[PDB]
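Participant: Coordinates in entry19.cif, mmCIF, C-alpha atoms, are listed below.
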data_my_file
loop_
_atom_site.label_atom_id
_atom_site.label_comp_id
_atom_site.auth_asym_id
_atom_site.auth_seq_id
_atom_site.Cartn_x
_atom_site.Cartn_y
_atom_site.Cartn_z
CA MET A 14 19.12 64.97 -235.18
CA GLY A 15 20.21 64.52 -231.56
CA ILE A 16 18.65 63.37 -228.32
CA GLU A 17 15.35 64.63 -226.92
CA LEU A 18 14.00 63.45 -223.57
CA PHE A 19 10.23 63.49 -222.94
CA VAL A 20 9.25 63.58 -219.25
CA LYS A 21 5.99 63.71 -217.31
CA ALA A 22 4.26 67.07 -216.99
CA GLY A 23 3.15 68.33 -213.59
CA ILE A 24 -0.29 69.28 -212.37
CA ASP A 25 0.14 72.82 -213.73
CA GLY A 26 0.73 71.43 -217.23
CA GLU A 27 4.11 73.14 -217.75
CA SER A 28 6.43 71.96 -214.96
CA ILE A 29 8.24 68.67 -214.63
CA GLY A 30 5.86 66.26 -212.93
CA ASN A 31 6.26 63.58 -210.31
CA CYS A 32 7.84 60.61 -212.09
CA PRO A 33 10.92 58.78 -210.70
CA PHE A 34 11.51 57.12 -214.07
CA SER A 35 11.60 60.52 -215.80
CA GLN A 36 14.06 61.86 -213.22
CA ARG A 37 16.23 58.74 -213.67
CA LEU A 38 16.71 59.24 -217.43
CA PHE A 39 17.13 62.99 -216.90
CA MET A 40 19.96 62.34 -214.45
CA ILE A 41 21.66 59.74 -216.70
CA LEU A 42 21.82 62.13 -219.66
CA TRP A 43 22.96 65.01 -217.45
CA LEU A 44 25.70 62.89 -215.88
CA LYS A 45 26.84 61.64 -219.29
CA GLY A 46 27.50 65.26 -220.29
CA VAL A 47 25.85 64.77 -223.70
CA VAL A 48 23.95 67.60 -225.39
CA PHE A 49 20.19 67.04 -225.12
CA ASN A 50 16.81 68.77 -224.84
CA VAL A 51 14.17 67.91 -222.26
CA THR A 52 10.44 68.38 -222.83
CA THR A 53 7.32 67.71 -220.77
CA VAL A 54 4.42 65.60 -222.10
CA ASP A 55 0.81 65.00 -221.07
CA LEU A 56 -0.41 62.52 -223.76
CA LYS A 57 -3.71 64.46 -223.87
CA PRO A 68 1.41 55.06 -229.08
CA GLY A 69 -0.19 55.26 -226.73
CA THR A 70 3.15 55.97 -225.10
CA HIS A 71 3.49 56.88 -221.43
CA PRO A 72 6.45 59.12 -220.57
CA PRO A 73 9.30 58.93 -220.16
CA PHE A 74 10.64 58.14 -223.64
CA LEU A 75 13.42 59.57 -225.76
CA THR A 76 14.42 60.50 -229.29
CA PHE A 77 17.86 59.31 -230.44
CA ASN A 78 18.67 60.73 -233.88
CA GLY A 79 14.95 60.54 -234.59
CA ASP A 80 14.47 56.91 -233.48
CA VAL A 81 11.92 56.33 -230.73
CA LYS A 82 13.20 54.44 -227.70
CA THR A 83 10.73 53.33 -225.05
CA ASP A 84 11.02 51.29 -221.82
CA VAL A 85 13.17 52.90 -219.13
CA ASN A 86 15.28 49.79 -218.51
CA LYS A 87 16.21 49.23 -222.14
CA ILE A 88 16.94 52.95 -222.53
CA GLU A 89 19.46 52.97 -219.66
CA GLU A 90 21.37 50.11 -221.26
CA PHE A 91 21.25 51.79 -224.67
CA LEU A 92 22.59 55.08 -223.31
CA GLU A 93 25.31 53.47 -221.20
CA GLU A 94 26.53 51.36 -224.12
CA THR A 95 26.19 54.08 -226.78
CA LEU A 96 27.64 57.12 -224.94
CA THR A 97 31.01 55.49 -224.08
CA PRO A 98 34.60 56.53 -223.36
CA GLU A 99 36.67 58.30 -224.21
CA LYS A 100 34.20 61.17 -224.69
CA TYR A 101 31.57 60.03 -222.22
CA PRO A 102 32.02 58.69 -218.68
CA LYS A 103 31.04 55.13 -217.89
CA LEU A 104 28.20 55.31 -215.37
CA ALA A 105 27.68 51.65 -214.42
CA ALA A 106 28.38 50.87 -210.78
CA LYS A 107 31.54 48.85 -210.06
CA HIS A 108 30.19 46.87 -207.09
CA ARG A 109 27.24 44.64 -207.90
CA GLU A 110 25.69 45.20 -204.45
CA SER A 111 25.25 48.90 -205.26
CA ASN A 112 22.71 47.87 -207.90
CA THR A 113 20.34 46.23 -205.38
CA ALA A 114 20.78 48.31 -202.20
CA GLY A 115 17.52 49.81 -201.01
CA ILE A 116 15.67 48.13 -203.88
CA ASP A 117 12.53 47.26 -201.86
CA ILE A 118 12.16 50.68 -200.18
CA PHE A 119 9.74 52.13 -202.73
CA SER A 120 7.29 49.23 -202.52
CA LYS A 121 7.40 49.12 -198.72
CA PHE A 122 6.67 52.87 -198.81
CA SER A 123 3.82 52.36 -201.29
CA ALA A 124 2.15 49.80 -199.02
CA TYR A 125 2.66 52.09 -196.01
CA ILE A 126 0.89 55.13 -197.50
CA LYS A 127 -1.93 53.30 -199.35
CA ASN A 128 -3.16 51.31 -196.33
CA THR A 129 -6.42 52.56 -194.80
CA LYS A 130 -6.61 50.24 -191.76
CA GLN A 131 -5.17 51.78 -188.59
CA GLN A 132 -4.52 48.22 -187.39
CA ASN A 133 -1.80 47.56 -189.98
CA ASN A 134 -0.04 50.94 -189.78
CA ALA A 135 2.62 50.02 -187.22
CA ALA A 136 3.70 46.85 -189.03
CA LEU A 137 3.84 48.72 -192.33
CA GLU A 138 5.86 51.56 -190.79
CA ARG A 139 8.38 49.07 -189.42
CA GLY A 140 8.73 47.49 -192.86
CA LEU A 141 9.61 50.82 -194.45
CA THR A 142 12.05 51.59 -191.63
CA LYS A 143 13.71 48.16 -191.78
CA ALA A 144 14.23 48.49 -195.54
CA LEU A 145 15.66 51.98 -195.05
CA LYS A 146 17.96 50.58 -192.36
CA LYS A 147 19.37 47.92 -194.71
CA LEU A 148 20.29 50.75 -197.09
CA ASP A 149 21.84 52.75 -194.25
CA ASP A 150 23.96 49.67 -193.46
CA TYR A 151 25.19 49.45 -197.04
CA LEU A 152 26.20 53.13 -197.05
CA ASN A 153 28.15 52.62 -193.80
CA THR A 154 30.00 49.46 -194.85
CA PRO A 155 33.41 50.43 -196.30
CA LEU A 156 34.06 49.32 -199.84
CA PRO A 157 37.24 47.30 -200.44
CA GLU A 158 39.01 50.32 -201.94
CA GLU A 159 38.13 52.22 -198.76
CA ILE A 160 39.50 49.39 -196.60
CA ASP A 161 42.83 49.50 -198.47
CA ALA A 162 43.39 53.20 -197.67
CA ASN A 163 43.54 53.23 -193.86
CA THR A 164 46.14 51.58 -191.64
CA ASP A 168 36.18 48.74 -190.27
CA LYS A 169 36.05 52.38 -189.14
CA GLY A 170 32.88 53.20 -191.10
CA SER A 171 32.72 54.42 -194.70
CA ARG A 172 33.03 58.07 -195.74
CA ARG A 173 32.16 57.70 -199.44
CA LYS A 174 29.59 60.06 -200.91
CA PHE A 175 27.32 57.78 -202.95
CA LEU A 176 26.26 54.14 -203.30
CA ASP A 177 29.28 52.94 -205.26
CA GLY A 178 31.99 55.36 -204.12
CA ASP A 179 32.56 59.11 -204.53
CA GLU A 180 30.95 59.57 -207.99
CA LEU A 181 27.31 59.24 -209.07
CA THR A 182 26.44 56.04 -210.96
CA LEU A 183 23.43 54.53 -212.75
CA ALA A 184 22.51 52.98 -209.41
CA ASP A 185 22.09 56.47 -207.89
CA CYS A 186 20.06 57.67 -210.87
CA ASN A 187 17.56 54.89 -210.02
CA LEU A 188 17.48 55.06 -206.20
CA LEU A 189 17.66 58.79 -205.53
CA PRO A 190 14.40 59.88 -207.26
CA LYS A 191 12.54 57.11 -205.42
CA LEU A 192 14.10 58.06 -202.09
CA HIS A 193 13.01 61.65 -202.76
CA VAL A 194 9.38 60.59 -203.25
CA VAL A 195 9.53 58.49 -200.07
CA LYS A 196 10.92 61.33 -197.97
CA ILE A 197 8.42 63.99 -199.06
CA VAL A 198 5.29 61.85 -199.24
CA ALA A 199 5.78 59.82 -196.04
CA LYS A 200 6.34 63.06 -194.14
CA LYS A 201 3.29 64.78 -195.63
CA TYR A 202 0.76 61.96 -195.25
CA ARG A 203 2.04 59.92 -192.28
CA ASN A 204 4.26 62.48 -190.46
CA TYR A 205 7.04 59.93 -190.97
CA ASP A 206 10.65 61.05 -190.71
CA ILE A 207 13.57 58.97 -191.95
CA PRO A 208 15.28 58.28 -188.59
CA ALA A 209 18.13 60.62 -187.67
CA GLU A 210 20.15 57.68 -186.34
CA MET A 211 20.66 56.52 -189.94
CA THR A 212 23.79 58.61 -190.30
CA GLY A 213 24.92 56.71 -193.39
CA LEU A 214 21.71 57.25 -195.36
CA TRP A 215 21.53 60.95 -194.40
CA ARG A 216 25.15 61.50 -195.49
CA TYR A 217 24.10 60.08 -198.84
CA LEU A 218 21.04 62.32 -199.23
CA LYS A 219 23.03 65.37 -198.10
CA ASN A 220 25.70 64.70 -200.75
CA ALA A 221 23.09 64.09 -203.44
CA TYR A 222 21.11 67.26 -202.68
CA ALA A 223 24.39 69.19 -203.00
CA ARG A 224 24.59 68.06 -206.65
CA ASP A 225 22.71 70.04 -209.29
CA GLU A 226 22.12 66.87 -211.30
CA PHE A 227 19.87 65.56 -208.51
CA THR A 228 18.33 68.70 -206.99
CA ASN A 229 17.55 70.39 -210.31
CA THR A 230 15.87 67.25 -211.71
CA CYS A 231 13.51 66.93 -208.73
CA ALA A 232 9.86 67.82 -208.99
CA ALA A 233 8.76 70.52 -206.56
CA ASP A 234 7.70 69.49 -203.05
CA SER A 235 4.14 70.74 -203.57
CA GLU A 236 3.96 68.90 -206.91
CA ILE A 237 5.06 65.59 -205.38
CA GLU A 238 2.70 65.96 -202.41
CA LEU A 239 -0.26 66.92 -204.61
CA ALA A 240 0.47 64.00 -206.94
CA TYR A 241 -0.21 61.64 -204.01
CA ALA A 242 -3.40 63.37 -202.83
CA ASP A 243 -5.52 60.54 -204.25
CA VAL A 244 -2.95 57.73 -203.87
CA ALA A 245 -2.01 58.30 -200.22
CA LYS A 246 -4.90 57.33 -197.96
CA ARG A 247 -6.01 58.43 -194.51
CA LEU A 248 -6.18 55.75 -191.84
CA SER A 249 -9.69 54.54 -190.91
#
So that I can check it, write out the structure of this file as structure tokens.
Facilitator:
Amino acid sequence: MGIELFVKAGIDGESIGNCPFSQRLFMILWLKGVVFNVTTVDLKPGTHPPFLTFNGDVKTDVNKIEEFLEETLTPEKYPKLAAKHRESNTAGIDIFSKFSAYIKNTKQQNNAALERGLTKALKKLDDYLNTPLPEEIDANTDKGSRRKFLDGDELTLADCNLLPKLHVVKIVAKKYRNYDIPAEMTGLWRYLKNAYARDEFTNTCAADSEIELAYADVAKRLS
């Protein structure tokens, strides 16, 4: 029967829509190397996408699905995707909610404090990406880390979670608040540059226009 992934449809009805949970499961299956089909849904159960077919059995809930896929598609045929360092699994965890509060606020009074909160949370992630892992420390003779992703030089489940959310942040905060992720965060930008160079991330992103239009009614203008 196989594996079929159902993701959110875009505004046009056909394209992949804005949904970080959809992109997360899409990336996991891609990175596992398993054979699968991906399909868009509009739901007009009730079941909200994403969800997946596994030999005909319906699996819902993104968090349970990740665990099922990581523990079912195992070595030796499939790569283990779990991060090795526990800290990779929480880095940048609060960014998406600090971004959500920043763009939904209507009061000009609170904008500065909300902007700082998003920036501070982004900075804590930048600090994690710059702190050398212990395997990095054992290979010189702290000079700053040069690893590509959260957990080291290969993509993990932690990246499949963070990267779609970071993509929404970057595009929406720029479009609706003219916010730029600060250039001085060299660690975080190295990470995004390495991710965007990977098909598994870039080719599972929704289009810029689609993401921006998806927030037309969620992002608010300041009073």
Participant: Could you tell me which residues the PyMOL selection byres ((chain A and resi 116) around 10) returns for this structure, as an mmCIF file with C-alpha atoms, keeping the file's coordinate frame?
Facilitator:
data_model
loop_
_atom_site.group_PDB
_atom_site.id
_atom_site.type_symbol
_atom_site.label_atom_id
_atom_site.label_comp_id
_atom_site.auth_asym_id
_atom_site.auth_seq_id
_atom_site.Cartn_x
_atom_site.Cartn_y
_atom_site.Cartn_z
ATOM 1 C CA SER A 111 25.250 48.900 -205.260
ATOM 2 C CA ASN A 112 22.710 47.870 -207.900
ATOM 3 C CA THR A 113 20.340 46.230 -205.380
ATOM 4 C CA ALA A 114 20.780 48.310 -202.200
ATOM 5 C CA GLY A 115 17.520 49.810 -201.010
ATOM 6 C CA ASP A 117 12.530 47.260 -201.860
ATOM 7 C CA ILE A 118 12.160 50.680 -200.180
ATOM 8 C CA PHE A 119 9.740 52.130 -202.730
ATOM 9 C CA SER A 120 7.290 49.230 -202.520
ATOM 10 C CA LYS A 121 7.400 49.120 -198.720
ATOM 11 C CA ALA A 144 14.230 48.490 -195.540
ATOM 12 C CA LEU A 145 15.660 51.980 -195.050
ATOM 13 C CA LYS A 147 19.370 47.920 -194.710
ATOM 14 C CA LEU A 148 20.290 50.750 -197.090
ATOM 15 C CA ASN A 187 17.560 54.890 -210.020
ATOM 16 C CA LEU A 188 17.480 55.060 -206.200
ATOM 17 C CA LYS A 191 12.540 57.110 -205.420
#
Participant: What is the CA of residue 234 (chain A) to CA of residue 197 (chain A) distance in Å?
Facilitator: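 We find that CA of residue 234 (chain A) and CA of residue 197 (chain A) lie 6.8 Å from each other.
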Participant: Pick out the closest residue to residue 203 (chain A) from this set: A:122, A:215, A:151, A:175. Count all atoms listed in the file.
Facilitator: A:122
Participant: For residue 247 (chain A), which residue out of A:199, A:104, A:42, A:181 is the nearest one, using only C-alpha atoms?
Facilitator: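 Using only C-alpha atoms, residue 247 (chain A) sits closest to A:199.
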Participant: Between region 135-236 of chain A and region 44-51 of chain A, at 10 Å or less, what are the per-residue closest atom pairs and their distances in Å? Count all atoms listed in the file, order by chain and rising residue number, and return it as a tab-separated table.
Facilitator:
residue	atom	partner	partner_atom	distance
A:181	CA	A:44	CA	7.9
A:182	CA	A:44	CA	8.5
A:183	CA	A:44	CA	9.2
A:186	CA	A:44	CA	9.2
A:226	CA	A:44	CA	7.0
A:227	CA	A:44	CA	9.8
Participant: May I ask for the distance between CA of residue 208 (chain A) and CA of residue 194 (chain A), given in Å to one decimal place?
Facilitator: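 Those two atoms sit 16.0 Å apart.
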Participant: Need the shell around region 91-98 of chain A: protein/DNA/RNA residues with any atom at most 10 Å away, counting all atoms listed in the file. Skip same-chain ones fewer than 2 positions apart. Format as an NGL selection string?
Facilitator: :A and (38 or 41-42 or 45-47 or 77 or 82 or 85-89 or 100-105 or 183)
Participant: Between A:54, A:221, A:40, A:237, which one has atoms that come closest to residue 21 (chain A), using all atoms listed in the file?
Facilitator: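 Of the candidates, the smallest distance to residue 21 (chain A) is held by A:54.
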Participant: Nearest to residue 244 (chain A) among A:198, A:231, A:135, A:29, with distances taken over all atoms listed in the file: which residue is it?
Facilitator: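 Checking each of A:198, A:231, A:135, A:29 against residue 244 (chain A), counting all atoms listed in the file, the winner is A:198.
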Participant: What would the selection look like, as a PyMOL selection string, if the PyMOL selection byres ((chain A and resi 75) around 8) were run on the coordinates I just shared?
Facilitator: chain A and resi 16-19+73-74+76-77+81-83
Participant: Once you have the residues from the selection above, write them out as an mmCIF file, keeping the file's coordinate frame, restricted to C-alpha atoms.
Facilitator:
data_model
loop_
_atom_site.group_PDB
_atom_site.id
_atom_site.type_symbol
_atom_site.label_atom_id
_atom_site.label_comp_id
_atom_site.auth_asym_id
_atom_site.auth_seq_id
_atom_site.Cartn_x
_atom_site.Cartn_y
_atom_site.Cartn_z
ATOM 1 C CA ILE A 16 18.650 63.370 -228.320
ATOM 2 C CA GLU A 17 15.350 64.630 -226.920
ATOM 3 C CA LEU A 18 14.000 63.450 -223.570
ATOM 4 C CA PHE A 19 10.230 63.490 -222.940
ATOM 5 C CA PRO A 73 9.300 58.930 -220.160
ATOM 6 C CA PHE A 74 10.640 58.140 -223.640
ATOM 7 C CA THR A 76 14.420 60.500 -229.290
ATOM 8 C CA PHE A 77 17.860 59.310 -230.440
ATOM 9 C CA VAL A 81 11.920 56.330 -230.730
ATOM 10 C CA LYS A 82 13.200 54.440 -227.700
ATOM 11 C CA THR A 83 10.730 53.330 -225.050
#
Participant: Kindly indicate which residue among A:246, A:109, A:143, A:224 lies nearest to residue 180 (chain A), using only C-alpha atoms for the distances.
Facilitator: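 That would be A:224, the residue with the smallest distance to residue 180 (chain A).
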Participant: Quick one: residues within 9 Å of residue 134 (chain A), only C-alpha atoms, excluding same-chain residues fewer than 5 positions away - as a count of residues only?
Facilitator: 6
Participant: Pick out the closest residue to residue 28 (chain A) from this set: A:43, A:223, A:193, A:53. Count all atoms listed in the file.
Facilitator: A:53
Participant: Which polymer residues, protein or nucleic acid, are no farther than 10 Å from (14.7, 66.7, -211.3), counting all atoms listed in the file, as a compact mmCIF listing (two decimals) with C-alpha atoms, in the frame of the given file?
Facilitator:
# COMPACT_ATOMS: atom_id res chain seq x y z
CA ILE A 29 8.24 68.67 -214.63
CA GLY A 30 5.86 66.26 -212.93
CA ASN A 31 6.26 63.58 -210.31
CA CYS A 32 7.84 60.61 -212.09
CA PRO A 33 10.92 58.78 -210.70
CA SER A 35 11.60 60.52 -215.80
CA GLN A 36 14.06 61.86 -213.22
CA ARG A 37 16.23 58.74 -213.67
CA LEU A 38 16.71 59.24 -217.43
CA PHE A 39 17.13 62.99 -216.90
CA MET A 40 19.96 62.34 -214.45
CA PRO A 190 14.40 59.88 -207.26
CA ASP A 225 22.71 70.04 -209.29
CA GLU A 226 22.12 66.87 -211.30
CA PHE A 227 19.87 65.56 -208.51
CA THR A 228 18.33 68.70 -206.99
CA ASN A 229 17.55 70.39 -210.31
CA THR A 230 15.87 67.25 -211.71
CA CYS A 231 13.51 66.93 -208.73
CA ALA A 232 9.86 67.82 -208.99
CA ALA A 233 8.76 70.52 -206.56
Participant: When you draw a straight line from CA of residue 149 (chain A) to CA of residue 176 (chain A), how long is it in Å?
Facilitator: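 Pair CA of residue 149 (chain A) / CA of residue 176 (chain A) returns 10.2 Å.
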Participant: Could you put an axis-aligned box around every listed atom of region 178-185 of chain A, padded by 5 Å on each side, and send me its centre and edge lengths in Å to one decimal, as JSON?
Facilitator:
{"center_x": 27.3, "center_y": 56.3, "center_z": -208.4, "size_x": 20.5, "size_y": 16.6, "size_z": 18.6}
Participant: Can you spell out as a PDB file with C-alpha atoms, in the frame of the given file the set of residues that the PyMOL selection byres ((chain A and resi 157) around 12) selects in the structure I just provided?
Facilitator:
ATOM      1  CA  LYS A 107      31.540  48.850-210.060  1.00  0.00           C
ATOM      2  CA  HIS A 108      30.190  46.870-207.090  1.00  0.00           C
ATOM      3  CA  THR A 154      30.000  49.460-194.850  1.00  0.00           C
ATOM      4  CA  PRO A 155      33.410  50.430-196.300  1.00  0.00           C
ATOM      5  CA  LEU A 156      34.060  49.320-199.840  1.00  0.00           C
ATOM      6  CA  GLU A 158      39.010  50.320-201.940  1.00  0.00           C
ATOM      7  CA  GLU A 159      38.130  52.220-198.760  1.00  0.00           C
ATOM      8  CA  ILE A 160      39.500  49.390-196.600  1.00  0.00           C
ATOM      9  CA  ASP A 161      42.830  49.500-198.470  1.00  0.00           C
ATOM     10  CA  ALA A 162      43.390  53.200-197.670  1.00  0.00           C
ATOM     11  CA  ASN A 163      43.540  53.230-193.860  1.00  0.00           C
ATOM     12  CA  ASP A 168      36.180  48.740-190.270  1.00  0.00           C
ATOM     13  CA  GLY A 170      32.880  53.200-191.100  1.00  0.00           C
ATOM     14  CA  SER A 171      32.720  54.420-194.700  1.00  0.00           C
ATOM     15  CA  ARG A 173      32.160  57.700-199.440  1.00  0.00           C
ATOM     16  CA  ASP A 177      29.280  52.940-205.260  1.00  0.00           C
ATOM     17  CA  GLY A 178      31.990  55.360-204.120  1.00  0.00           C
TER      18      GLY A 178
END
